[PDB]
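One file, run_29.cif, is given below (mmCIF, N, CA and C atoms and all ligand atoms).
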data_entry
#
loop_
_atom_site.label_atom_id
_atom_site.label_comp_id
_atom_site.auth_asym_id
_atom_site.auth_seq_id
_atom_site.Cartn_x
_atom_site.Cartn_y
_atom_site.Cartn_z
N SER A 42 -49.22 -29.75 24.49
CA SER A 42 -49.77 -30.74 25.41
C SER A 42 -51.11 -30.26 26.09
N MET A 43 -51.48 -28.92 26.04
CA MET A 43 -52.84 -28.41 26.53
C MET A 43 -53.92 -28.67 25.54
N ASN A 44 -55.30 -28.66 26.07
CA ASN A 44 -56.39 -28.73 25.08
C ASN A 44 -56.69 -27.36 24.50
N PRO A 45 -57.01 -27.32 23.20
CA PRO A 45 -57.51 -26.09 22.56
C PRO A 45 -58.97 -25.87 22.94
N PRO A 46 -59.51 -24.69 22.69
CA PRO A 46 -60.94 -24.54 22.74
C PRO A 46 -61.59 -25.55 21.77
N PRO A 47 -62.78 -26.01 22.08
CA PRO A 47 -63.49 -26.94 21.19
C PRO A 47 -63.94 -26.24 19.91
N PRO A 48 -64.35 -27.03 18.88
CA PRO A 48 -64.93 -26.40 17.69
C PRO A 48 -66.19 -25.67 18.06
N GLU A 49 -66.51 -24.65 17.28
CA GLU A 49 -67.64 -23.82 17.37
C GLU A 49 -68.92 -24.67 17.25
N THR A 50 -69.91 -24.47 18.14
CA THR A 50 -71.25 -25.06 18.02
C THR A 50 -72.38 -24.04 18.02
N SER A 51 -72.05 -22.77 18.25
CA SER A 51 -73.02 -21.67 18.31
C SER A 51 -72.37 -20.51 17.62
N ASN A 52 -73.15 -19.84 16.76
CA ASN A 52 -72.65 -18.62 16.10
C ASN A 52 -73.84 -17.91 15.50
N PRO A 53 -74.41 -16.94 16.21
CA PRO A 53 -75.65 -16.29 15.71
C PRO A 53 -75.63 -15.68 14.45
N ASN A 54 -74.49 -15.26 14.01
CA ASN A 54 -74.44 -14.60 12.70
C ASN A 54 -74.13 -15.59 11.53
N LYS A 55 -73.98 -16.89 11.78
CA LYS A 55 -73.91 -17.90 10.72
C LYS A 55 -75.31 -18.24 10.29
N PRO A 56 -75.71 -18.10 9.02
CA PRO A 56 -77.09 -18.46 8.63
C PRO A 56 -77.30 -19.97 8.75
N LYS A 57 -78.52 -20.36 9.03
CA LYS A 57 -78.90 -21.72 9.47
C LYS A 57 -80.07 -22.19 8.67
N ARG A 58 -80.22 -23.51 8.48
CA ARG A 58 -81.48 -24.08 7.99
C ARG A 58 -81.79 -25.37 8.74
N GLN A 59 -83.08 -25.71 8.72
CA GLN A 59 -83.69 -26.97 9.31
C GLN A 59 -84.38 -27.62 8.15
N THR A 60 -83.89 -28.77 7.80
CA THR A 60 -84.24 -29.42 6.54
C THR A 60 -84.29 -30.89 6.58
N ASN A 61 -84.84 -31.52 5.53
CA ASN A 61 -84.97 -32.98 5.55
C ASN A 61 -83.64 -33.72 5.51
N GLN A 62 -82.64 -33.25 4.74
CA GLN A 62 -81.34 -33.97 4.74
C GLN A 62 -80.63 -33.83 6.09
N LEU A 63 -80.66 -32.62 6.65
CA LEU A 63 -80.08 -32.43 7.98
C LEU A 63 -80.84 -33.20 9.07
N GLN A 64 -82.17 -33.31 8.95
CA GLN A 64 -82.92 -34.11 9.90
C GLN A 64 -82.51 -35.59 9.80
N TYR A 65 -82.28 -36.11 8.57
CA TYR A 65 -81.80 -37.47 8.40
C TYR A 65 -80.40 -37.65 9.00
N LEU A 66 -79.53 -36.64 8.81
CA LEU A 66 -78.21 -36.70 9.42
C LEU A 66 -78.26 -36.82 10.92
N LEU A 67 -79.25 -36.21 11.59
CA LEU A 67 -79.40 -36.37 13.03
C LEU A 67 -80.08 -37.72 13.38
N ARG A 68 -81.26 -37.93 12.82
CA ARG A 68 -82.12 -39.01 13.28
C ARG A 68 -81.63 -40.37 12.85
N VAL A 69 -80.96 -40.46 11.70
CA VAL A 69 -80.44 -41.70 11.17
C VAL A 69 -78.93 -41.76 11.37
N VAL A 70 -78.17 -40.80 10.81
CA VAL A 70 -76.71 -40.99 10.78
C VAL A 70 -76.09 -40.86 12.15
N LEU A 71 -76.25 -39.68 12.75
CA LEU A 71 -75.63 -39.45 14.05
C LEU A 71 -76.13 -40.49 15.07
N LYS A 72 -77.48 -40.71 15.13
CA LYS A 72 -78.00 -41.60 16.15
C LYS A 72 -77.50 -43.03 15.97
N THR A 73 -77.34 -43.49 14.73
CA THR A 73 -76.80 -44.83 14.48
C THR A 73 -75.39 -44.98 15.01
N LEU A 74 -74.55 -44.00 14.68
CA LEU A 74 -73.14 -44.08 15.12
C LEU A 74 -73.04 -43.91 16.63
N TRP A 75 -73.85 -43.03 17.20
CA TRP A 75 -73.71 -42.68 18.60
C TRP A 75 -73.93 -43.88 19.51
N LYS A 76 -74.87 -44.76 19.15
CA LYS A 76 -75.26 -45.89 19.98
C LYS A 76 -74.32 -47.08 19.82
N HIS A 77 -73.42 -47.06 18.85
CA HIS A 77 -72.55 -48.18 18.56
C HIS A 77 -71.62 -48.45 19.72
N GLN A 78 -71.24 -49.72 19.92
CA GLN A 78 -70.34 -50.07 20.98
C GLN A 78 -68.99 -49.41 20.88
N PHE A 79 -68.57 -48.99 19.68
CA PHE A 79 -67.26 -48.34 19.51
C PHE A 79 -67.35 -46.81 19.45
N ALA A 80 -68.50 -46.24 19.77
CA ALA A 80 -68.66 -44.81 19.67
C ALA A 80 -67.91 -44.01 20.69
N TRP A 81 -67.69 -44.55 21.91
CA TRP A 81 -67.25 -43.73 23.03
C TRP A 81 -66.03 -42.88 22.78
N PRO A 82 -64.98 -43.31 22.08
CA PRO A 82 -63.82 -42.42 21.89
C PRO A 82 -64.12 -41.21 21.03
N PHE A 83 -65.26 -41.23 20.34
CA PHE A 83 -65.65 -40.26 19.35
C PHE A 83 -66.78 -39.36 19.82
N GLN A 84 -67.26 -39.52 21.07
CA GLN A 84 -68.44 -38.78 21.55
C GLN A 84 -68.12 -37.42 22.13
N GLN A 85 -66.87 -37.00 22.12
CA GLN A 85 -66.48 -35.71 22.71
C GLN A 85 -65.15 -35.34 22.10
N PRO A 86 -64.76 -34.07 22.17
CA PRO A 86 -63.42 -33.68 21.74
C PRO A 86 -62.36 -34.53 22.40
N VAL A 87 -61.28 -34.78 21.66
CA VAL A 87 -60.15 -35.51 22.27
C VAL A 87 -59.59 -34.70 23.40
N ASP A 88 -59.51 -35.28 24.57
CA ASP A 88 -58.90 -34.67 25.76
C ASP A 88 -57.46 -35.17 25.79
N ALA A 89 -56.58 -34.37 25.21
CA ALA A 89 -55.17 -34.72 25.06
C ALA A 89 -54.48 -34.71 26.41
N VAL A 90 -55.05 -34.06 27.42
CA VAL A 90 -54.49 -33.99 28.76
C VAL A 90 -54.77 -35.32 29.44
N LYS A 91 -56.05 -35.66 29.65
CA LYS A 91 -56.40 -36.89 30.34
C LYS A 91 -55.89 -38.14 29.60
N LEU A 92 -55.92 -38.12 28.26
CA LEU A 92 -55.49 -39.27 27.45
C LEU A 92 -54.01 -39.30 27.22
N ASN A 93 -53.26 -38.28 27.71
CA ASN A 93 -51.81 -38.29 27.60
C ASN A 93 -51.34 -38.38 26.13
N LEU A 94 -51.80 -37.41 25.35
CA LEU A 94 -51.49 -37.33 23.93
C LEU A 94 -50.92 -35.90 23.65
N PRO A 95 -49.73 -35.62 24.14
CA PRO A 95 -49.29 -34.20 24.06
C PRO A 95 -49.06 -33.71 22.63
N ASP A 96 -48.87 -34.62 21.67
CA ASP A 96 -48.67 -34.26 20.29
C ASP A 96 -49.99 -34.23 19.47
N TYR A 97 -51.16 -34.54 20.07
CA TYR A 97 -52.36 -34.69 19.28
C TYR A 97 -52.68 -33.40 18.50
N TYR A 98 -52.72 -32.26 19.24
CA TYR A 98 -53.10 -31.01 18.64
C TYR A 98 -51.93 -30.29 17.92
N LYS A 99 -50.75 -30.89 17.93
CA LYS A 99 -49.68 -30.54 17.00
C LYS A 99 -49.96 -31.09 15.64
N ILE A 100 -50.48 -32.33 15.59
CA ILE A 100 -50.74 -33.04 14.35
C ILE A 100 -52.11 -32.73 13.76
N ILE A 101 -53.13 -32.65 14.62
CA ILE A 101 -54.52 -32.46 14.21
C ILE A 101 -54.93 -31.02 14.40
N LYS A 102 -55.06 -30.32 13.26
CA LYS A 102 -55.37 -28.89 13.27
C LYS A 102 -56.84 -28.61 12.93
N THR A 103 -57.62 -29.61 12.61
CA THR A 103 -59.04 -29.48 12.33
C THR A 103 -59.78 -30.51 13.20
N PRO A 104 -59.77 -30.38 14.53
CA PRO A 104 -60.42 -31.41 15.37
C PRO A 104 -61.89 -31.48 15.09
N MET A 105 -62.45 -32.70 15.20
CA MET A 105 -63.88 -32.85 15.09
C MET A 105 -64.25 -34.15 15.76
N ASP A 106 -65.49 -34.20 16.30
CA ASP A 106 -65.95 -35.32 17.11
C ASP A 106 -67.48 -35.34 17.03
N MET A 107 -68.08 -36.48 17.40
CA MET A 107 -69.52 -36.61 17.33
C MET A 107 -70.25 -35.78 18.38
N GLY A 108 -69.62 -35.49 19.52
CA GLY A 108 -70.30 -34.61 20.46
C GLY A 108 -70.53 -33.24 19.85
N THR A 109 -69.51 -32.71 19.19
CA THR A 109 -69.65 -31.46 18.45
C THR A 109 -70.69 -31.57 17.36
N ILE A 110 -70.63 -32.65 16.55
CA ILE A 110 -71.59 -32.81 15.47
C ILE A 110 -73.02 -32.88 16.02
N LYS A 111 -73.21 -33.65 17.09
CA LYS A 111 -74.54 -33.75 17.70
C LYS A 111 -75.05 -32.41 18.12
N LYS A 112 -74.21 -31.61 18.78
CA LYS A 112 -74.60 -30.25 19.17
C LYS A 112 -74.93 -29.39 17.96
N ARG A 113 -74.10 -29.46 16.92
CA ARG A 113 -74.34 -28.70 15.74
C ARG A 113 -75.68 -29.06 15.10
N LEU A 114 -76.00 -30.35 15.07
CA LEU A 114 -77.29 -30.77 14.51
C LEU A 114 -78.43 -30.33 15.41
N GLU A 115 -78.35 -30.60 16.70
CA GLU A 115 -79.45 -30.31 17.62
C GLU A 115 -79.67 -28.80 17.78
N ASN A 116 -78.62 -28.01 17.61
CA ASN A 116 -78.68 -26.59 17.78
C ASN A 116 -78.71 -25.90 16.49
N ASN A 117 -78.99 -26.59 15.38
CA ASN A 117 -79.20 -25.98 14.07
C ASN A 117 -78.09 -25.07 13.66
N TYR A 118 -76.88 -25.60 13.64
CA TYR A 118 -75.72 -24.83 13.25
C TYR A 118 -75.49 -24.80 11.73
N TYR A 119 -75.93 -25.85 11.04
CA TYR A 119 -75.57 -26.04 9.65
C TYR A 119 -76.54 -25.33 8.69
N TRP A 120 -75.98 -24.96 7.51
CA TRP A 120 -76.78 -24.60 6.38
C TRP A 120 -77.15 -25.81 5.50
N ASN A 121 -76.26 -26.76 5.31
CA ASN A 121 -76.54 -27.84 4.41
C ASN A 121 -75.91 -29.15 4.88
N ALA A 122 -76.34 -30.24 4.24
CA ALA A 122 -75.87 -31.56 4.59
C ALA A 122 -74.38 -31.71 4.34
N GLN A 123 -73.86 -31.14 3.27
CA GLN A 123 -72.45 -31.29 2.99
C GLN A 123 -71.59 -30.80 4.14
N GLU A 124 -71.96 -29.73 4.83
CA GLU A 124 -71.17 -29.24 5.94
C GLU A 124 -71.06 -30.32 7.01
N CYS A 125 -72.16 -31.00 7.28
CA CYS A 125 -72.20 -32.02 8.32
C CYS A 125 -71.42 -33.27 7.89
N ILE A 126 -71.65 -33.72 6.65
CA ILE A 126 -70.90 -34.82 6.10
C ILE A 126 -69.41 -34.55 6.20
N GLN A 127 -68.99 -33.32 5.86
CA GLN A 127 -67.59 -32.94 5.98
C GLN A 127 -67.09 -33.09 7.40
N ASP A 128 -67.89 -32.72 8.40
CA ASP A 128 -67.47 -32.90 9.80
C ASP A 128 -67.24 -34.37 10.11
N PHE A 129 -68.13 -35.27 9.71
CA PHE A 129 -67.89 -36.68 9.90
C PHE A 129 -66.59 -37.12 9.24
N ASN A 130 -66.41 -36.73 7.98
CA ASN A 130 -65.19 -37.14 7.28
C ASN A 130 -63.92 -36.58 7.94
N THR A 131 -63.98 -35.35 8.42
CA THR A 131 -62.84 -34.79 9.15
C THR A 131 -62.55 -35.65 10.39
N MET A 132 -63.60 -36.01 11.13
CA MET A 132 -63.41 -36.85 12.31
C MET A 132 -62.69 -38.15 11.96
N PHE A 133 -63.17 -38.85 10.92
CA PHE A 133 -62.54 -40.11 10.56
C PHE A 133 -61.10 -39.89 10.10
N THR A 134 -60.90 -38.91 9.21
CA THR A 134 -59.57 -38.64 8.70
C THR A 134 -58.61 -38.32 9.82
N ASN A 135 -59.03 -37.49 10.79
CA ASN A 135 -58.15 -37.17 11.90
C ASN A 135 -57.67 -38.43 12.60
N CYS A 136 -58.61 -39.37 12.82
CA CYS A 136 -58.28 -40.59 13.52
C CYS A 136 -57.21 -41.36 12.76
N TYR A 137 -57.36 -41.48 11.45
CA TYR A 137 -56.42 -42.23 10.64
C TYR A 137 -55.08 -41.49 10.50
N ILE A 138 -55.10 -40.17 10.45
CA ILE A 138 -53.88 -39.37 10.34
C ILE A 138 -53.07 -39.45 11.63
N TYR A 139 -53.75 -39.35 12.80
CA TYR A 139 -53.02 -39.32 14.05
C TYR A 139 -52.48 -40.69 14.45
N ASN A 140 -53.33 -41.73 14.36
CA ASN A 140 -53.06 -42.97 15.04
C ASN A 140 -52.18 -43.92 14.23
N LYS A 141 -51.54 -44.82 14.96
CA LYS A 141 -50.75 -45.87 14.33
C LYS A 141 -51.67 -46.78 13.56
N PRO A 142 -51.33 -47.10 12.29
CA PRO A 142 -52.15 -48.04 11.54
C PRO A 142 -52.36 -49.32 12.31
N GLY A 143 -53.61 -49.82 12.25
CA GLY A 143 -53.98 -51.08 12.86
C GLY A 143 -54.39 -51.00 14.34
N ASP A 144 -54.21 -49.88 14.99
CA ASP A 144 -54.56 -49.77 16.38
C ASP A 144 -56.07 -49.90 16.58
N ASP A 145 -56.48 -50.26 17.81
CA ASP A 145 -57.89 -50.41 18.16
C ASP A 145 -58.68 -49.18 17.73
N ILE A 146 -58.20 -47.99 18.00
CA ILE A 146 -58.99 -46.80 17.71
C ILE A 146 -59.30 -46.70 16.21
N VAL A 147 -58.35 -47.13 15.36
CA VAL A 147 -58.54 -47.14 13.91
C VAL A 147 -59.64 -48.12 13.52
N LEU A 148 -59.61 -49.32 14.11
CA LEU A 148 -60.67 -50.31 13.88
C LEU A 148 -62.02 -49.78 14.30
N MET A 149 -62.05 -49.05 15.40
CA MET A 149 -63.31 -48.46 15.92
C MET A 149 -63.85 -47.43 14.91
N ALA A 150 -62.98 -46.54 14.47
CA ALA A 150 -63.37 -45.56 13.45
C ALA A 150 -63.86 -46.26 12.20
N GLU A 151 -63.20 -47.33 11.76
CA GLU A 151 -63.63 -48.01 10.55
C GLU A 151 -65.03 -48.58 10.70
N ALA A 152 -65.34 -49.13 11.87
CA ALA A 152 -66.68 -49.69 12.08
C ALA A 152 -67.75 -48.58 11.98
N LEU A 153 -67.47 -47.44 12.59
CA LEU A 153 -68.41 -46.33 12.52
C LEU A 153 -68.49 -45.80 11.09
N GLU A 154 -67.36 -45.71 10.41
CA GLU A 154 -67.36 -45.15 9.07
C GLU A 154 -68.07 -46.05 8.16
N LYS A 155 -68.06 -47.36 8.28
CA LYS A 155 -68.81 -48.26 7.43
C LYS A 155 -70.29 -47.92 7.48
N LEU A 156 -70.80 -47.74 8.72
CA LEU A 156 -72.20 -47.40 8.93
C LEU A 156 -72.51 -46.03 8.40
N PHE A 157 -71.61 -45.06 8.62
CA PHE A 157 -71.78 -43.72 8.05
C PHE A 157 -72.01 -43.81 6.55
N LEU A 158 -71.13 -44.53 5.86
CA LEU A 158 -71.23 -44.64 4.42
C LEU A 158 -72.52 -45.30 3.99
N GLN A 159 -72.93 -46.34 4.71
CA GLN A 159 -74.18 -47.02 4.42
C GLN A 159 -75.36 -46.05 4.52
N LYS A 160 -75.35 -45.23 5.57
CA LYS A 160 -76.47 -44.29 5.75
C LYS A 160 -76.45 -43.16 4.75
N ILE A 161 -75.26 -42.59 4.49
CA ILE A 161 -75.26 -41.43 3.59
C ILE A 161 -75.54 -41.86 2.15
N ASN A 162 -75.35 -43.15 1.83
CA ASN A 162 -75.73 -43.67 0.53
C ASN A 162 -77.23 -43.46 0.27
N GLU A 163 -78.02 -43.35 1.34
CA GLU A 163 -79.48 -43.16 1.24
C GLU A 163 -79.90 -41.82 1.76
N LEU A 164 -79.02 -40.83 1.72
CA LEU A 164 -79.40 -39.47 2.03
C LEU A 164 -80.58 -39.14 1.14
N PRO A 165 -81.67 -38.63 1.69
CA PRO A 165 -82.80 -38.33 0.81
C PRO A 165 -82.54 -37.18 -0.12
N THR A 166 -83.16 -37.14 -1.29
CA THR A 166 -83.14 -35.94 -2.11
C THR A 166 -83.77 -34.76 -1.34
N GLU A 167 -83.26 -33.58 -1.44
CA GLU A 167 -83.99 -32.49 -0.66
C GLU A 167 -85.53 -32.22 -0.94
N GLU A 168 -86.29 -31.93 0.11
CA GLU A 168 -87.74 -31.53 -0.02
C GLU A 168 -87.99 -30.13 -0.57
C1 LIG A 201 -60.56 -40.48 18.28
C2 LIG A 201 -59.08 -40.45 18.47
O1 LIG A 201 -58.30 -40.64 17.49
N1 LIG A 201 -58.60 -40.23 19.67
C3 LIG A 201 -57.19 -40.09 19.96
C4 LIG A 201 -56.62 -41.31 20.67
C5 LIG A 201 -57.25 -41.56 22.01
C6 LIG A 201 -56.55 -42.60 22.86
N2 LIG A 201 -56.62 -43.93 22.29
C7 LIG A 201 -55.69 -44.61 21.60
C8 LIG A 201 -56.18 -45.83 21.27
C9 LIG A 201 -57.49 -45.94 21.77
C10 LIG A 201 -58.53 -46.93 21.75
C11 LIG A 201 -59.75 -46.64 22.36
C12 LIG A 201 -59.97 -45.39 22.99
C13 LIG A 201 -58.97 -44.44 23.03
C14 LIG A 201 -57.77 -44.72 22.41
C15 LIG A 201 -55.41 -46.74 20.39
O2 LIG A 201 -55.91 -47.71 19.81
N3 LIG A 201 -54.14 -46.38 20.18
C16 LIG A 201 -53.46 -45.33 20.98
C17 LIG A 201 -54.37 -44.14 21.15
#
Spell out the structure here as structure tokens.
Amino acid sequence: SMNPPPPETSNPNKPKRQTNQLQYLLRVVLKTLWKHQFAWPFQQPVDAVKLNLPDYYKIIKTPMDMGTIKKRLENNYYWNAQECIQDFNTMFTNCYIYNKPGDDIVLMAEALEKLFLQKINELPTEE
């Protein structure tokens, strides 16, 4: 029923790159999803305490959220686009794994994931 530490957003000994696909992931993908009317449940780690979800971190062992992803992008945590794409997919999958099918939160994730897929379909070829 307690919150775990959040996912890592800083690690000096992880090698890093700043690149055109990662720049698109920030400027196009993350920013598109972040501004959406259904983004708010996804903008920070799940607070299982305040939200009264004592089983959340029993079920979800790979937490991920857009606040973490935004920090990772802005703070140059990633080596490649696939790492970031994986974080988005983990976020969506967690939502579908935890929640009751058909609930509002699932519909919210689906709306964001539709846009995610639309944007990553046009991920640029690397420079
Ligand atoms: C991103 C994520 O999966 N968070 C965990 C659930 C957070 C609490 N919560 C819920 C619903 C919901 C809807 C909107 C915000 C928070 C919500 C809803 O539809 N079913 C009940 C749970």
| task | Using only C-alpha atoms, determine which residues lie at most 9 Å from residue 160 (chain A), disregarding the query and same-chain residues fewer than 3 positions distant; provide the list as JSON, numbers by chain. | result | {"A": [66, 69, 70, 73, 155, 156, 157, 163, 164]}
Could you please extract the residues within 6.5 Å of ligand LIG 201 (chain A), counting all atoms listed in the file, and hand them back as a tab-separated table (two decimals) with N, CA and C atoms, keeping the file's coordinate frame?
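Here's the written file selection_7.tsv:
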chain	number	residue	atom	x	y	z
A	82	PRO	N	-64.98	-43.31	22.08
A	82	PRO	CA	-63.82	-42.42	21.89
A	82	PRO	C	-64.12	-41.21	21.03
A	83	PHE	N	-65.26	-41.23	20.34
A	83	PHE	CA	-65.65	-40.26	19.35
A	83	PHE	C	-66.78	-39.36	19.82
A	87	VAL	N	-61.28	-34.78	21.66
A	87	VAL	CA	-60.15	-35.51	22.27
A	87	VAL	C	-59.59	-34.70	23.40
A	92	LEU	N	-55.92	-38.12	28.26
A	92	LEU	CA	-55.49	-39.27	27.45
A	92	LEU	C	-54.01	-39.30	27.22
A	135	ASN	N	-59.03	-37.49	10.79
A	135	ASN	CA	-58.15	-37.17	11.90
A	135	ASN	C	-57.67	-38.43	12.60
A	136	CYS	N	-58.61	-39.37	12.82
A	136	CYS	CA	-58.28	-40.59	13.52
A	136	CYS	C	-57.21	-41.36	12.76
A	137	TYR	N	-57.36	-41.48	11.45
A	137	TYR	CA	-56.42	-42.23	10.64
A	137	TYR	C	-55.08	-41.49	10.50
A	139	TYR	N	-53.75	-39.35	12.80
A	139	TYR	CA	-53.02	-39.32	14.05
A	139	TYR	C	-52.48	-40.69	14.45
A	140	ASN	N	-53.33	-41.73	14.36
A	140	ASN	CA	-53.06	-42.97	15.04
A	140	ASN	C	-52.18	-43.92	14.23
A	141	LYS	N	-51.54	-44.82	14.96
A	141	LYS	CA	-50.75	-45.87	14.33
A	141	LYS	C	-51.67	-46.78	13.56
A	144	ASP	N	-54.21	-49.88	14.99
A	144	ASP	CA	-54.56	-49.77	16.38
A	144	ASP	C	-56.07	-49.90	16.58
A	145	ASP	N	-56.48	-50.26	17.81
A	145	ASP	CA	-57.89	-50.41	18.16
A	145	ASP	C	-58.68	-49.18	17.73
A	146	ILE	N	-58.20	-47.99	18.00
A	146	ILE	CA	-58.99	-46.80	17.71
A	146	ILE	C	-59.30	-46.70	16.21
A	147	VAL	N	-58.35	-47.13	15.36
A	147	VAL	CA	-58.54	-47.14	13.91
A	147	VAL	C	-59.64	-48.12	13.52
| Interatomic distance (Å, one decimal) between atom C of residue 64 (chain A) and atom C of residue 113 (chain A) |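 These atoms are spaced 10.8 Å apart.
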| field | Which of chain A fall in helix (DSSP H, G or I), as an NGL selection string | value | :A and (61-75 or 81-83 or 97-100 or 107-115 or 122-139 or 145-161)
| request: State, in Å with one decimal place, the distance from atom N of residue 115 (chain A) to atom N of residue 67 (chain A). | output: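 Separation of atom N of residue 115 (chain A) and atom N of residue 67 (chain A): 7.6 Å.
Close contacts of region 53-60 of chain A, defined as residues with an atom at most 12 Å away when counting only C-alpha atoms, with chain neighbours fewer than 6 positions off set aside, comprise residues 66, 67, 68, 113, 114, 115, 116, 117, 118, 119, 120, 121, 122, 124, 165, 166, 167 and 168 of chain A.
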| Polymer residues at most 9 Å from (-64.8, -37.4, 12.4) by only C-alpha atoms, as a list in words | residues 83, 104, 105, 106, 107, 110, 127, 128, 129, 130, 131, 132, 133, 134, 135, 136, 150 and 154 of chain A
| field | Counting all atoms listed in the file, the option among A:89, A:94, A:100, A:158 closest to residue 45 (chain A) | value |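 Counting all atoms listed in the file, the residue closest to residue 45 (chain A) is A:89.
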| To one decimal place, how far is atom C of residue 75 (chain A) from atom C of residue 62 (chain A) in Å? |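 Pair atom C of residue 75 (chain A) / atom C of residue 62 (chain A) returns 18.1 Å.
Proximity ranking of A:42, A:80, A:111, A:72 relative to residue 93 (chain A) places A:42 first, based on only N, CA and C atoms.
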Padding 3 Å on each side, edges along x, y and z: where is the centre of the box around the listed atoms of region 139-156 of chain A, and how long are its edges in Å to one decimal? Output it as lines of an AutoDock Vina configuration file.
center_x = -61.6
center_y = -45.2
center_z = 12.8
size_x = 27.8
size_y = 17.8
size_z = 16.7
Incomplete region 139-150 of chain A brought to N, CA, C and O atoms, written out as a CSV table (one decimal), in the frame of the given file:
chain,number,residue,atom,x,y,z
A,139,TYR,N,-53.8,-39.4,12.8
A,139,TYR,CA,-53.0,-39.3,14.0
A,139,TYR,C,-52.5,-40.7,14.4
A,139,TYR,O,-51.3,-40.8,14.9
A,140,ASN,N,-53.3,-41.7,14.4
A,140,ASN,CA,-53.1,-43.0,15.0
A,140,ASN,C,-52.2,-43.9,14.2
A,140,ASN,O,-52.1,-43.9,13.0
A,141,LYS,N,-51.5,-44.8,15.0
A,141,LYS,CA,-50.8,-45.9,14.3
A,141,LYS,C,-51.7,-46.8,13.6
A,141,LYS,O,-52.7,-47.3,14.1
A,142,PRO,N,-51.3,-47.1,12.3
A,142,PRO,CA,-52.2,-48.0,11.5
A,142,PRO,C,-52.4,-49.3,12.3
A,142,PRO,O,-51.5,-49.9,12.9
A,143,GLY,N,-53.6,-49.8,12.2
A,143,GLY,CA,-54.0,-51.1,12.9
A,143,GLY,C,-54.4,-51.0,14.3
A,143,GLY,O,-54.9,-52.0,14.9
A,144,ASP,N,-54.2,-49.9,15.0
A,144,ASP,CA,-54.6,-49.8,16.4
A,144,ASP,C,-56.1,-49.9,16.6
A,144,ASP,O,-56.9,-49.6,15.7
A,145,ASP,N,-56.5,-50.3,17.8
A,145,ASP,CA,-57.9,-50.4,18.2
A,145,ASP,C,-58.7,-49.2,17.7
A,145,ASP,O,-59.8,-49.4,17.2
A,146,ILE,N,-58.2,-48.0,18.0
A,146,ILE,CA,-59.0,-46.8,17.7
A,146,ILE,C,-59.3,-46.7,16.2
A,146,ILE,O,-60.4,-46.2,15.8
A,147,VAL,N,-58.4,-47.1,15.4
A,147,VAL,CA,-58.5,-47.1,13.9
A,147,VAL,C,-59.6,-48.1,13.5
A,147,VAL,O,-60.5,-47.8,12.7
A,148,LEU,N,-59.6,-49.3,14.1
A,148,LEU,CA,-60.7,-50.3,13.9
A,148,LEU,C,-62.0,-49.8,14.3
A,148,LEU,O,-63.1,-50.1,13.7
A,149,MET,N,-62.0,-49.0,15.4
A,149,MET,CA,-63.3,-48.5,15.9
A,149,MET,C,-63.8,-47.4,14.9
A,149,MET,O,-65.0,-47.5,14.6
A,150,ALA,N,-63.0,-46.5,14.5
A,150,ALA,CA,-63.4,-45.6,13.4
A,150,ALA,C,-63.9,-46.3,12.2
A,150,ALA,O,-64.9,-45.8,11.6
